[PDB]
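Novice: Same order as they appear, the protein sequences are chains A, B, C and D. Mapping of the first sequence onto PDB author numbering: residues 298 to 306, 309 to 321, 321A, 322 to 351, in sequence order. Mapping of the second sequence onto PDB author numbering: residues 138, 151 to 185, 187 to 243, in sequence order. For PDB author numbering, add 4 to where a residue sits in the third sequence, where the first one is 1. For PDB author numbering, add 1 to where a residue sits in the fourth sequence, where the first one is 1. The beta-carbon is built from N, C-alpha and C at its ideal position, and this holds for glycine as well.
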Amino acid sequence: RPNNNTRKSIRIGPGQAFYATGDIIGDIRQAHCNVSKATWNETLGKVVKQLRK
Amino acid sequence: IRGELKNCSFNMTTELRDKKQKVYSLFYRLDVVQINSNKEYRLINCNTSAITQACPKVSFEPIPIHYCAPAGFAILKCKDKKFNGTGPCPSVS
Amino acid sequence: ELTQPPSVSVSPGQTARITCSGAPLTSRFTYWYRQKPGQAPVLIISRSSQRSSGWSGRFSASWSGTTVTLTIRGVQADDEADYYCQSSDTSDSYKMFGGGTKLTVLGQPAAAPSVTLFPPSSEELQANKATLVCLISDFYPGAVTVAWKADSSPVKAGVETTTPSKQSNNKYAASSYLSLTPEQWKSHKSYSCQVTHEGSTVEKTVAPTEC
Amino acid sequence: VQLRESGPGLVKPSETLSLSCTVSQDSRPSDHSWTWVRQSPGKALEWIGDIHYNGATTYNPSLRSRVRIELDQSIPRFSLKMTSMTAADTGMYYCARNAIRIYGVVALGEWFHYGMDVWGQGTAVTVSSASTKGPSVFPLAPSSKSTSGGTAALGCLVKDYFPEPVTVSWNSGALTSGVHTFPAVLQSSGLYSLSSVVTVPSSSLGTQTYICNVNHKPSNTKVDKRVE
Ligand SMILES: *[C@@H]1O[C@H](CO)[C@@H](O[C@@H]2O[C@H](CO)[C@@H](O[C@@H]3O[C@H](CO[C@H]4O[C@H](CO[C@H]5O[C@H](CO)[C@@H](O)[C@H](O)[C@@H]5O[C@H]5O[C@H](CO)[C@@H](O)[C@H](O)[C@@H]5O)[C@@H](O)[C@H](O[C@H]5O[C@H](CO)[C@@H](O)[C@H](O)[C@@H]5O)[C@@H]4O)[C@@H](O)[C@H](O[C@H]4O[C@H](CO[C@H]5O[C@H](CO)[C@@H](O)[C@H](O)[C@@H]5O)[C@@H](O)[C@H](O)[C@@H]4O)[C@@H]3O)[C@H](O)[C@H]2NC(C)=O)[C@H](O)[C@H]1NC(C)=O
Ligand SMILES: *[C@@H]1O[C@H](CO)[C@@H](O[C@@H]2O[C@H](CO)[C@@H](O[C@@H]3O[C@H](CO[C@H]4O[C@H](CO[C@H]5O[C@H](CO)[C@@H](O)[C@H](O)[C@@H]5O)[C@@H](O)[C@H](O[C@H]5O[C@H](CO)[C@@H](O)[C@H](O)[C@@H]5O)[C@@H]4O)[C@@H](O)[C@H](O[C@H]4O[C@H](CO)[C@@H](O)[C@H](O)[C@@H]4O)[C@@H]3O)[C@H](O)[C@H]2NC(C)=O)[C@H](O)[C@H]1NC(C)=O
Ligand SMILES: *[C@@H]1O[C@H](CO)[C@@H](O[C@@H]2O[C@H](CO)[C@@H](O[C@@H]3O[C@H](CO[C@H]4O[C@H](CO[C@H]5O[C@H](CO)[C@@H](O)[C@H](O)[C@@H]5O)[C@@H](O)[C@H](O[C@H]5O[C@H](CO[C@H]6O[C@H](CO)[C@@H](O)[C@H](O)[C@@H]6O)[C@@H](O)[C@H](O)[C@@H]5O)[C@@H]4O)[C@@H](O)[C@H](O)[C@@H]3O)[C@H](O)[C@H]2NC(C)=O)[C@H](O)[C@H]1NC(C)=O
Ligand SMILES: *[C@@H]1O[C@H](CO)[C@@H](O[C@@H]2O[C@H](CO)[C@@H](O[C@@H]3O[C@H](CO[C@H]4O[C@H](CO[C@H]5O[C@H](CO)[C@@H](O)[C@H](O)[C@@H]5O)[C@@H](O)[C@H](O)[C@@H]4O)[C@@H](O)[C@H](O[C@H]4O[C@H](CO)[C@@H](O)[C@H](O)[C@@H]4O)[C@@H]3O)[C@H](O)[C@H]2NC(C)=O)[C@H](O)[C@H]1NC(C)=O
Ligand SMILES: *[C@@H]1O[C@H](CO)[C@@H](O[C@@H]2O[C@H](CO)[C@@H](O[C@@H]3O[C@H](CO[C@H]4O[C@H](CO[C@H]5O[C@H](CO)[C@@H](O)[C@H](O)[C@@H]5O)[C@@H](O)[C@H](O)[C@@H]4O)[C@@H](O)[C@H](O)[C@@H]3O)[C@H](O)[C@H]2NC(C)=O)[C@H](O)[C@H]1NC(C)=O
Ligand SMILES: *[C@@H]1O[C@H](CO)[C@@H](O[C@@H]2O[C@H](CO)[C@@H](O[C@@H]3O[C@H](CO)[C@@H](O)[C@H](O[C@H]4O[C@H](CO)[C@@H](O)[C@H](O)[C@@H]4O)[C@@H]3O)[C@H](O)[C@H]2NC(C)=O)[C@H](O)[C@H]1NC(C)=O
Ligand SMILES: *[C@@H]1O[C@H](CO)[C@@H](O[C@@H]2O[C@H](CO)[C@@H](O[C@@H]3O[C@H](CO[C@H]4O[C@H](CO)[C@@H](O)[C@H](O)[C@@H]4O)[C@@H](O)[C@H](O)[C@@H]3O)[C@H](O)[C@H]2NC(C)=O)[C@H](O)[C@H]1NC(C)=O
Ligand SMILES: *[C@@H]1O[C@H](CO)[C@@H](O[C@@H]2O[C@H](CO)[C@@H](O[C@@H]3O[C@H](CO)[C@@H](O)[C@H](O)[C@@H]3O)[C@H](O)[C@H]2NC(C)=O)[C@H](O)[C@H]1NC(C)=O
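#1: How is the beta strand (DSSP E) around residue 120 of chain D delimited, first residue to last?
#2: Keeping to the same chain, check which residues put their C-beta closer than 7 Å to that of residue 3 of chain D; ignore five residues upstream and five downstream.
#3: Excluding five sequence neighbours on each side, which residues of the same chain lie with their C-beta closer than 6 Å to the C-beta of residue 127 of chain D?
#4: State the DSSP-derived secondary structure class of residue 186 of chain C, mapped to helix, strand or coil.
#5: Might you give, ordered along the chain, the residues of its own chain that have their beta carbon closer than 6 Å to the beta carbon of residue 99 of chain D, omitting 5 neighbours on each side?
#6: Which two residues bound the contiguous alpha helix (DSSP H) that contains residue 343 of chain A?
#7: Which of the residues in the segment 193-205 of chain C, read from start to end, lie with their CB under 7 Å from any CB of chain D?
#8: For a cutoff of 8 Å on Cβ pairs, would you count residue 109 of chain D as touching chain A?
#9: Decide if residue 47 of chain D is buried, meaning its Cβ has at least 16 other Cβ atoms within 10 Å, or exposed.
#10: Using the C-alpha atoms, what's the distance from residue 22 of chain C back to residue 15 of chain C?
#11: Do the segment 160-172 of chain C and the segment 197-207 of chain C make contact, defined as three or more Cβ pairs closer than 8 Å?
#12: Going by alpha carbons, who is nearest to residue 94 of chain D out of D:122, D:205, D:147?
#13: In whole angstroms, give me the CA-to-CA distance for residue 344 of chain A and residue 232 of chain B.
#14: In the DSSP assignment, what residue or residues form a beta bridge with residue 305 of chain A?
#15: Within the present structure, is the beta-carbon of residue 330 of chain A separated from the nearest heavy atom of ligand 1 by less than 7 Å?
#16: Would you check whether ligand 8 has a heavy atom nearer than 7 Å to the C-beta of residue 181 of chain B?
#17: Using a Cβ-Cβ cut-off of less than 8 Å, give me the residues of the segment 87-108 of chain D that come near chain A, in sequence order.
#18: What is the C-beta distance between residue 48 of chain C and residue 38 of chain C, in whole angstroms, given that I count them as a contact (C-beta under 8 Å)?
#19: Return the residue from the list C:156, C:27, C:133 that minimises the CA-CA distance to residue 67 of chain C.
#20: Which residues in chain A have a C-beta closer than 7 Å to the C-beta of residue 91 of chain B? List them in chain order.
#21: Looking at chain D, is there any beta carbon in it that lies within less than 8 Å of the beta carbon of residue 175 of chain C?
#22: Can you tell me where the beta strand (DSSP E) with residue 7 of chain D in it begins and where it stops?
#23: My output table needs one value for residue 170 of chain B: the three-state DSSP class, helix, strand or coil.
#24: Using DSSP with H/G/I as helix, E/B as strand and the rest coil, what is residue 133 of chain C?
#25: Considering only residues of the same chain and omitting the five flanking positions on each side of residue 119 of chain D, which have a CB-CB separation below 6 Å?
#26: Give a yes or no on contact between the segment 51-58 of chain C and the segment 110-117 of chain C, applying the rule of three or more CB pairs nearer than 8 Å.
#27: Report buried or exposed for residue 160 of chain D, applying the criterion of at least 16 other Cβ atoms within 10 angstroms of its Cβ.
#28: Hey, would you say the C-beta of residue 212 of chain B is under 7 Å away from at least one heavy atom of ligand 2?
#29: Could you pull the start and end residues of the beta strand (DSSP E) that residue 225 of chain C belongs to?
#30: Going along chain A in order, which residues have a C-beta closer than 8 Å to the C-beta of residue 175 of chain B?
#31: Which of the three DSSP states, helix, strand or coil, is assigned to residue 158 of chain C?
#32: Are there 16 or more other CB atoms within 10 angstroms of the CB of residue 51 of chain D, so buried, or fewer, so exposed?
#33: I need the DSSP call for residue 226 of chain D, collapsed to helix, strand or coil.
#34: For ligand 4, any of its heavy atoms closer than 7 Å to the Cβ of residue 300 of chain A?
#35: Per the DSSP calculation, residue 198 of chain C is bridged to which residue(s)?
#36: Do you know whose CA, among D:163, D:134, D:172, lies nearest residue 226 of chain D's CA?
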């Protein structure tokens, strides 16, 4: 997650402290997942071979 | 004038029960919903059930947990590599 | 398919205002650039991420609602040219340009000619047409007539003139040319041109006798 | 860092035109996207097609019927084509680079635009049929009114040529301390009559009398002529 979240603790009564998202630092970037396309194509293939039978 | 989070201002109790305080906070989309010029929102869970904050210093990382039997009991392991669905396993431990 | 004011004028050393109005002002910022006479445009304003765009080069810009503003810096001395607008569409497909402004600074003095007239000499007059090199330059604004004379009185005659075009620091130019045969250059009189702007205007005589 | 246009600069009203823009010294021209523009003679700028190294083409919908842009793969030097519609469209066309500064991950949508940052030298094209005649090399002469230094009149004018662009230089590109160039009109005949004056310090001009390039334009007919 590229977002740089700052911690803002605001008390709501005693001892209790809510941890809100602060103010973001840096340009907003969407979270992502990387999958090796090479590695993925064969794993998906071996399944359809086993599923064949 | 790219927008998927919202800058929320709202009114919330402080340490003293008598006084109140206004502070901002950011929330992700879908976690909040509109009600009916100036947009007005509400947490999606306040409609349904209660809410409790996760503890600040708690690890949600999965670590290996072992299941083991009680005296007079034993766990049997299927050491057969090919094990279509379930059936008689020739290699047991 | 956007709107831009073609002509705004403002005082030098003071702040100015440029507008560009349109609907897809939500998809991709603004841009402008400036067009000097006979030169390529240059980035007036840019975007490196989010708000840090206008800032401190000078200039600065504001985006109200339908139209955006280019609140330029305080000093406006001599930085004068034509300004356009770029931007893209809501579907990112294609880009529309909707013209733009040409601003002018006041307080600058008036025209003051200082170019000597040239006569055709050698090479030309020996071919078939001596023609008439009858030029002058350096003036602003234009609309001053050269009125080429036949002897000492302005003959209207028949030759072309060029529409003034700016160069360097304003300075309308393009000059004016003439075209007659040697049967009129080597046969009528001594020739002399004039300048009639307003008030005091001086010029130069011709005459041949090169050989 | 630098780039200049390239290609022929006139066209008959029919048929198509090919213009190419070479770019060099760029430290990374793959990600950066390129584009063409035009400026009508009535001083009205416009936009043409976006092109990128990935293979994405999209041009102005008011011009899509004619324009078809292509990018050469081996080296950076893209080209622009325009089919049927060509009359009046002419005037002058520029080559510019759509600067793409990226801040996040590609293919997701984190590639906001920087706009034009570097343009070409700027070439001119006009459609009007006819052909070129070529320049006629010519000197306009000076007068020695006073031995001492004063205002200087110089001349190296030329009467004819068809393409609007012009190439003029003084002393074969040495001292441009006071070079001038003024446009000309069609004088009804079609060919324009551009003249160029220079204002250099005059006092005693003997061996350094300066020269004129006269490089010509559609057909290169460089006629270096020296003044007396
Ligand atoms: C899963 O897989 C995906 C694959 O899709 C992975 O995605 C990848 O995610 C990362 C981030 O996690 C992301 O990195 C981002 O890179 C960009 C671009 O920087 C790179 O390219 C730069 C361009 O170089 C050009 O310009 C410089 C400077 O002028 C020249 O020196 C160069 O020669 C070159 O010049 C050419 O181009 C310019 C521009 O057109 C022309 O002017 C020139 O003429 C010429 O043509 C490089 O400079 C830069 O290199 C630097 O960093 C690298 C890496 O550390 C380093 O190896 C190298 O030595 C060098 O020191 C990169 O190669 C970054 O912009 C971005 O964030 C940074 O900038 C952000 C925005 O700008 C900020 O700063 C400006 C400055 O004022 C400011 O004004 C702005 O407001 C703003 O604050 C900033 O927010 C960030 O904080 C950074 O500073 C990222 O670094 C990858 O692009 C992305 N990959 C792909 C393919 O999408 C993902 O990570 C994977 N997940 C994993 C690994 O788990
Ligand atoms: C499937 O399995 C995978 C693999 O296990 C799993 O991925 C792991 O996920 C866990 C969390 O769920 C990750 O653990 C977290 O790591 C956080 C980031 O720090 C990491 O990397 C540090 C790198 O240290 C090297 O380099 C530094 C300098 O850069 C140098 O000083 C070091 O010496 C070293 O060379 C690493 O150090 C750090 O953890 C150890 O060391 C630091 C001190 O160096 C110490 O403070 C740590 O306690 C620990 O001994 C870590 O590996 C880390 O922030 C996070 O929480 C800790 O730090 C925060 C920061 O404030 C504290 O608040 C908090 O109290 C904790 O102390 C936590 O440790 C783990 O890294 C992933 N993978 C790896 C590489 O093992 C997936 O999650 C699993 N699948 C699922 C379901 O998700
Ligand atoms: C999520 O939402 C939260 C909501 O709170 C965001 O947090 C907020 O972020 C904003 C960002 O704008 C903060 O606003 C800041 O306010 C401070 C403090 O206010 C002082 O300065 C004010 C200046 O006026 C502002 O607006 C004018 C409009 O043109 C601007 O030109 C100017 O630059 C300022 O932005 C003063 O009005 C105020 O009044 C008193 O002092 C004045 C001092 O002189 C100022 O004004 C004169 C003109 O009078 C100027 O010439 C001079 O340069 C200077 O600006 C005095 O004149 C006046 O009479 C009064 O005595 C204060 O001094 C500013 O300093 C910042 O510039 C900015 O405006 C919010 O404060 C902040 N919320 C909180 C908790 O307060 C949060 O950012 C968001 N999420 C993100 C993305 O983080
Ligand atoms: C997500 O956001 C967070 C919050 O900003 C980022 O956290 C900070 O990021 C910056 C930049 O990456 C880090 O780098 C620098 O750290 C320097 C050290 O500061 C720490 O130690 C100081 C000790 O003394 C040092 O500073 C003094 C001056 O006060 C010097 O005389 C001395 O020689 C030392 O250099 C402490 O005093 C200080 O409190 C810190 O604990 C900073 O000096 C440096 O500041 C520069 O940049 C600041 C903006 O970040 C700017 O406001 C300053 O004016 C200055 O230009 C800079 O912070 C920090 O270490 C890092 N941590 C914290 C807690 O601030 C986080 O990096 C970011 N994620 C990403 C993507 O980077
Ligand atoms: C947080 O909790 C509060 C209180 O329970 C919630 O209520 C709103 O709180 C805001 C402040 O954040 C109020 O807005 C402010 O009203 C100020 C004065 O209000 C009085 O006059 C108003 C009309 O303004 C005139 O008089 C003022 C006097 O200063 C002049 O400055 C103006 O120019 C006008 O002449 C009346 O409408 C109002 O009823 C009062 O009589 C005003 O000075 C501030 O500028 C600001 O407008 C707001 O009125 C409160 N109530 C409402 C209707 O929301 C609040 O909602 C909680 N959290 C949130 C969501 O913010
Ligand atoms: C808490 O408040 C939430 C928010 O109101 C509420 O969840 C809502 O439940 C209603 C139940 O009707 C949802 O309304 C539906 O929304 C879906 C998705 O858009 C529609 O497909 C549904 O049907 C529509 O289309 C049908 C086609 O046949 C029509 O027949 C029908 O009339 C509708 O047009 C229907 O609109 C609503 O979307 C959710 N909101 C969410 C979760 O987004 C929830 O029930 C409340 N819980 C409590 C306190 O009971
Ligand atoms: C994993 O492998 C196991 C070992 O092979 C599978 O177990 C087998 O599962 C089948 C189906 O549950 C059992 O019975 C079969 O029945 C069919 C149907 O017979 C009837 O119809 C046919 C024509 O369709 C007809 O010819 C017959 O006369 C009957 O009228 C038979 O065709 C099969 O031959 C077979 O008898 C098997 O007995 C069973 N094998 C055993 C004893 O292990 C298991 O299904 C596989 N999958 C999973 C998820 O475990
Ligand atoms: C997950 O993120 C990591 C980086 O945090 C990526 O890991 C890196 O993947 C590259 C793939 O080429 C590895 O490059 C090569 O690794 C081999 C050893 O396997 C090494 O001999 C080569 O010299 C070269 O470095 C790189 O090492 C690797 N880094 C590590 C330490 O794992 C990874 O690729 C990402 N996942 C996906 C979807 O690719």
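Specialist: In this structure, then:
#1: As a first step, residue 120 of chain D is located in the fourth sequence; it is residue number 119 there, counting from the start. 114-120 is the span of the beta strand (DSSP E), which, as asked, contains residue 120 of chain D.
#2: For the purposes of this step, residue 3 of chain D is taken as the residue at position 2 of the fourth sequence. The answer, listed in chain order, is 25, 26.
#3: Locating residue 127 of chain D in the fourth sequence gives position 126, counting from the first residue. These residues qualify, in order along the chain: 91, 165.
#4: Here residue 186 of chain C is taken as the residue at index 182 of the third sequence, counted from 1. Residue 186 of chain C falls in the helix class under three-state DSSP.
#5: Against the fourth sequence, residue 99 of chain D aligns to sequence position 98. The answer, listed in chain order, is 34, 36.
#6: Along the first sequence, read from residue 1 onward, the residue named residue 343 of chain A stands at position 45. Looking at the DSSP string, the run of the alpha helix (DSSP H) that includes residue 343 of chain A is 335-350.
#7: none
#8: As a position in the fourth sequence, residue 109 of chain D is number 108, starting the count at 1. Yes, its Cβ sits closer than 8 Å to a Cβ of chain A.
#9: Position 46 of the fourth sequence holds residue 47 of chain D. Buried: at least 16 other Cβ atoms inside 10 Å.
#10: Counted from its first residue, the third sequence places residue 15 of chain C at position 11. Counted from its first residue, the third sequence places residue 22 of chain C at position 18. For residue 15 of chain C and residue 22 of chain C, the distance between alpha carbons rounds to 14 Å.
#11: no
#12: Residue mapping note: residue 94 of chain D aligns to position 93 of the fourth sequence, counting from 1. Residue D:122 is the option with its Cα nearest to residue 94 of chain D.
#13: Locating residue 344 of chain A in the first sequence gives position 46, where the first residue counts as 1. Locating residue 232 of chain B in the second sequence gives position 82, where the first residue counts as 1. Spanning the two alpha carbons is a distance of roughly 15 Å.
#14: Against the first sequence, residue 305 of chain A aligns to sequence position 8. Partner(s): A:319.
#15: Here residue 330 of chain A refers to the residue found at position 32 of the first sequence. True, at least one ligand heavy atom lies under 7 Å from that Cβ.
#16: As a working mapping, residue 181 of chain B is identified with position 32 in the second sequence. Outside the cutoff, so no.
#17: 104, 105, 106
#18: Residue 48 of chain C sits at position 44 when you count from the first residue of the third sequence. Residue 38 of chain C sits at position 34 when you count from the first residue of the third sequence. Rounded, the Cβ-Cβ distance is 6 Å, consistent with contact.
#19: As a working mapping, residue 67 of chain C is identified with position 63 in the third sequence. Per the Cα distances, C:27.
#20: Only positions 138 to 243 of chain B appear in the structure, and residue 91 of chain B is not among them; the question remains open.
#21: Taking the third sequence and counting its residues from 1, one reaches residue 175 of chain C at position 171. No, its Cβ sits nowhere closer than 8 Å to a Cβ of chain D.
#22: The count along the fourth sequence starts at 1 and reaches residue 7 of chain D at position 6. From DSSP, the beta strand (DSSP E) with residue 7 of chain D extends over 3-7.
#23: Walking along the second sequence from the start, residue 170 of chain B turns up at place 21. Residue 170 of chain B falls in the strand class under three-state DSSP.
#24: One-based indexing of the third sequence puts residue 133 of chain C at position 129. Residue state, collapsed to three classes: coil.
#25: Residue mapping note: residue 119 of chain D aligns to position 118 of the fourth sequence, counting from 1. If we look at residue 119 of chain D and ignore the five residues flanking it on each side, its Cβ neighbours are 98.
#26: no
#27: Within the fourth sequence, numbered from 1, the residue matching residue 160 of chain D stands at position 159. The residue is buried, with at least 16 neighbouring Cβ atoms inside 10 Å.
#28: The count along the second sequence starts at 1 and reaches residue 212 of chain B at position 62. Answer for residue 212 of chain B: yes, Cβ within range of ligand 2.
#29: This structure gives no information on residue 225 of chain C, because the portion of chain C shown stretches from 5 to 215.
#30: Reading the second sequence from its first residue, position 26 is the one you call residue 175 of chain B. Those are 319, 320, 321, 321A, 322, listed as they occur along chain A.
#31: Residue 158 of chain C sits at position 154 when you count from the first residue of the third sequence. Strand at residue 158 of chain C.
#32: Here residue 51 of chain D is taken as the residue at index 50 of the fourth sequence, counted from 1. That one is buried.
#33: To locate residue 226 of chain D, count along the fourth sequence from 1; it is residue 225. The answer is strand: DSSP assigns residue 226 of chain D an E or B state.
#34: Within the first sequence, residue 300 of chain A is the residue found at index 3, counting from 1. No - ligand 4 has no heavy atom lying nearer than 7 Å to the Cβ of residue 300 of chain A.
#35: Sequence index remark: in the third sequence, residue 198 of chain C carries index 194 (1-based). Partner(s): none; residue 198 of chain C has no beta bridge.
#36: Walking along the fourth sequence from the start, residue 226 of chain D turns up at place 225. Per the Cα distances, D:172.
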